[PDB]
Structures are given as C-alpha cells and as structure tokens.
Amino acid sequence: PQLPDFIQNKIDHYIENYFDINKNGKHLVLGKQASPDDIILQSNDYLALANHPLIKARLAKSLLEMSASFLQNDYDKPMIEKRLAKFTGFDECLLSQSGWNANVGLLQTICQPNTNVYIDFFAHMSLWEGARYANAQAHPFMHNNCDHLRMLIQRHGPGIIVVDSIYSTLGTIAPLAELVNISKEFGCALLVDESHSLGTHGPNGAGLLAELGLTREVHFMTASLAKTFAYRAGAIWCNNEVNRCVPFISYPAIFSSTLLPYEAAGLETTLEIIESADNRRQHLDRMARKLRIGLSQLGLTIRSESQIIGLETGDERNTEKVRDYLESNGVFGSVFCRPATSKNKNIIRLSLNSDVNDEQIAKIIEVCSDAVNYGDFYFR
C-alpha cells in the first residue's frame, strides 16, 4: 500500500536532505567499516567490561533456571536496588528499563504542567523531553553558566534544576558545587544525571557527587546503566520518598515491561567488578588527559575534562570531510549531528575506554595533527 502524500512527502524530503546529500548516500552518522586494526572510540563501556568473564557467567547462570508496578512489594524488589543506593550514598534507588526512561519517569513524577525546569543547554535530550512530556516550563541556561542560571531562576521562580554531571557530547563537567549552592539559595530541587561519571569517577567509582562530597545536598540522581555498567537499563536514586511513587506515575514504568530478575543479578556482579576497578579508572583518566593535552596544543577547541572528547567540526559538509579523514586513518569516533546538536555545530565524539594504549593515544593525536595540516576541512 503506497503511502499517502502527507507521509510520503515528508519521508522523501527527509531522505533527500539527510541521506542523499552525503557522499555515501547514507546518514552522516554512518561511515566506513572499521578493521580489527583501526582504533574504535564509540562505545560507552568506559571500563571495558562488556566481555567480562565473570559478568557473562553471572548472567548465563541466572538466566539458566510483565510490568514493573505489580512488583513494588517489599518481597518483589531486587537486592540490586539496595546495593546501588548504598553504593551511591543516596537513600533509595529504583530500576528502570533505561537511562532515557529513568529521566522521563522521574520528571513526569515530580513535575506538573508549568513547573519551572532549569536545564543546561547541553543536558541529555531525555531530560528535555522529560520536562516536555510533563508540559513543564523549560528554562534553558547557557552551558555551565551559573550567572545565566541565577537570572532565569530569579526571573521565573523556584523549580527543578537539571544537569548532566559529565556532558555527553563535550565531556565538560557541571559546576556541581555551585549548583548545589544555587538550589539552596533559591529553594530549588537539583536533578543530576551521572550517566558519564558513575563507575569512572568517585570512590570505588561511586560518581562525582560522591567525589565532590555533595551527595547529601542533592535531591535526585539518575543514570543510564548502558555506559560503565555496560547494561541496557536505567536507575533513579532519591534522597527522599519520590521513589515510592514513580512506579505508579511514570508512563514508561506503568505501561512498559520491567527488567527480569536475572538482569538484576547480572548488575550485582558488575557493581562488584566496578567497585574494584581503581586500576582501570586511573589508567583511563591518564589517557584522557594525555589525549586532551595533545589535541589542545594542536589548536582544536577541546572543552572536555573527562574521557569523552569532542572534536568540534562545524557544519554537516565539513563534518563529513573530517569524519572521512579520521576513518581513512584508522580513527573511529561517533558523529553527533542534529537533532543532538544544531546543524552548524556538529561534534565528532571520541569515547575513551580503559583498554586504550598510550600508543593508540599518540596515534590519535598524530592523525589529528596531520588532519590539521592536510587542508580539506577545519576544526573549531
């Protein structure tokens, strides 16, 4: 059944302006195929746990042998939640199907149809849509800009301040200490997404709030477990009662099925293995810094302060050229383009993980050095 025009028209225009314009007839995010020799910097599995023998074993053993609301009794709630909460220092933790759902769910629970939400420009898209589904009043503030933040709160009233601890496209770090002060001052709740800091930062990997000593000041913490925990799930920690209600309020929690008990048993192993990876955290940290210093001396804006490094490659055409160069030279990042970015501010993201060599770090810098000189594109 051929499509009606109202759909077909849209689909053609999309196909035209998003696939056809690229030199390979594909979406900008899709490039070449990588070799076993090439350097891949795409995964969010920062501590390189995706193959971990123990973790796999725990899962197989547990799988050998509906909705989440009907499982909110004391006897129905998994040990993994008590361990994560303890781990993080927060009072309660609630499992979700994903980081995305965790954000969406928390926000729908705690928000009302005009609630002030003060969200960093670069906060994960799920926080945005979170506030949007709840029909909250979104108040964007310039990246990590507390002055802008103050203005807007002063202007619009108390509400919920929303940030990534470590930003997904840029590797920047939120001014958590100052944001904690700001929410105290203006009687606001603070929601922090530690997707990119949890496991990689803090004491035993417990995260940045843990590292900065700010856990006790923060109302809410969320995270995807599809980064360091290398698992398709989410979690919401509360220093309050909200978690008793989220399972009955959040749509994703109500009308969408939950993880099974073996999935939750697999996380417990991951947690242990994470707590002890002081080795991998330190090495990764070393590597990120090495890479960060090396790209900066080249002239590239490198805002990152973490294991996520953003090569700012301007507009789509330029971004394609940059990507092709990087890939032809054995370096594979991930293109971030609209709607994650704006059309004219794409990023090629380099995700570092604990498996990366000093040798591989020197190659990335080198390849970028030569890129800088080549002259087929520019960097911002």
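Numbering starts at 1 and follows the sequence shown.
Where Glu65 is followed by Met66 in the displayed chain, the model omits 4 to 9 of the deposited residues that sit between the two. Relative to one another, 305-313 and 260-268 have unequal mean CA B-factors, and 260-268 is the one with the higher figure.
Per the PDB record, of the two stretches 92-100 and 112-120, 112-120 carries the greater mean B-factor over its C-alpha atoms.
The residue among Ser354, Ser342, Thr319, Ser351 whose C-alpha carries the highest B-factor in the deposited model is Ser342. You'll see in the entry that, of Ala60, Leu47, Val331, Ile347, the Cα B factor peaks at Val331. The deposited CA B-factor of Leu209 belongs to the highest third of values across its chain. Remark: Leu30 belongs to the highest third of its chain, ranked by C-alpha B-factor as recorded. Per the PDB record, residue ranking by Cα B-factor puts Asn24 in the middle third of the chain. Sort the modelled residues of the chain by CA B factor and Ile182 lands in the lowest third. For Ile40, the recorded CA temperature factor ranks within the lowest third of the chain's modelled residues.
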